[PDB]
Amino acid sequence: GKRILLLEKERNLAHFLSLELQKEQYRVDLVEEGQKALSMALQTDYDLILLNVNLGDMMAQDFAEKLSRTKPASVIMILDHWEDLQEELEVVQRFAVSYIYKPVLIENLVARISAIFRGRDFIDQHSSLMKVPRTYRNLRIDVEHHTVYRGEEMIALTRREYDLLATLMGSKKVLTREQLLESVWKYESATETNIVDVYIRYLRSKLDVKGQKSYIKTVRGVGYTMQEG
């Protein structure tokens, strides 16, 4: 089964989530602080890393940035109280594939994790069919390693940003926000179209060079497409 790295500060909840996730045949490694979580995530490829906003010895944002130096498309999901998540909402959107509020309902957590895994699988399969060369202007995508480069620099795209780029680069046509939702949030049927604009903004911030045309064009009345220089 897929492998989950789990850090939950509430002891009884951590134990509960560990046991319930193993009933889905997932392999669950429970850790209690970020330093240990980080050493484990650096040496093992986890399919999901499930964290609180604050890991105790560091913020989850800090963990994610440090992990991203070698594994930029890591799949991190944040579980926390509403007030804790909202205090850090913008930074959480930037590094996490999803977030979920306490008090958690296990059937909901299980369904969401399943959908996230299936959506990543879809992206992988679809991107394997991308026309070669997988380049655009100064960008190149390494589909095997889920990495992106602009010139000779690695661009630390998050998993959502990577999935969004692969979807845009793999399309010959302008894509609507509904079509982008259907590809990048596939199987996460509760996702709504305004999230697409958020991640287009994030993706532009990572790709774009000041004084060049953006890598992504907004097409009036339609949606988004890659943009030439």
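Residue indices: 1-based, along the sequence shown.
Engineer: On mean Cα temperature factor in this entry, is 220-228 or 4-12 the higher one?
Structural biologist: Between 4-12 and 220-228, it is 220-228 that shows the higher mean C-alpha B-factor.
Engineer: Would you tell me which stretch averages the higher CA B-factor in the PDB entry, 48-56 or 180-188?
Structural biologist: Comparing averages over the C-alpha atoms only gives 180-188.
Engineer: Of the choices 167, 68, 194, 61, which one's C-alpha carries the largest B-factor in the record?
Structural biologist: Across 167, 68, 194, 61, the entry lists the biggest C-alpha B-factor for 194.
Engineer: Using the entry's values, work out which of 214, 205, 25, 18 has the largest Cα B factor.
Structural biologist: Out of 214, 205, 25, 18, the record gives the largest C-alpha B-factor to 25.
Engineer: For residue 139, return the chain-relative third of its C-alpha B-factor as stated in the PDB record: lowest, middle or highest.
Structural biologist: According to the entry, residue 139 has a C-alpha B-factor in the chain's highest third.
Engineer: Select lowest, middle or highest to describe the third in which the CA B-factor of residue 89 falls within its chain in this entry.
Structural biologist: Middle third, going by the recorded CA B-factors of the chain.
Engineer: Consider only the C-alpha atoms of the modelled residues in this chain, order them by B-factor as the entry records it, and name the third containing residue 99: lowest, middle or highest.
Structural biologist: Its C-alpha B-factor, which the entry lists for residue 99, ranks in the lowest third among residues of this chain.
Engineer: Taking the values exactly as deposited, rank residue 149 by C-alpha B-factor within its chain and report the matching third: lowest, middle or highest.
Structural biologist: It falls in the top third of the chain.
Engineer: Could you place residue 80 in the lowest, middle or highest third of its chain by Cα temperature factor, using the values in the record?
Structural biologist: According to the entry, residue 80 has a C-alpha B-factor in the chain's lowest third.
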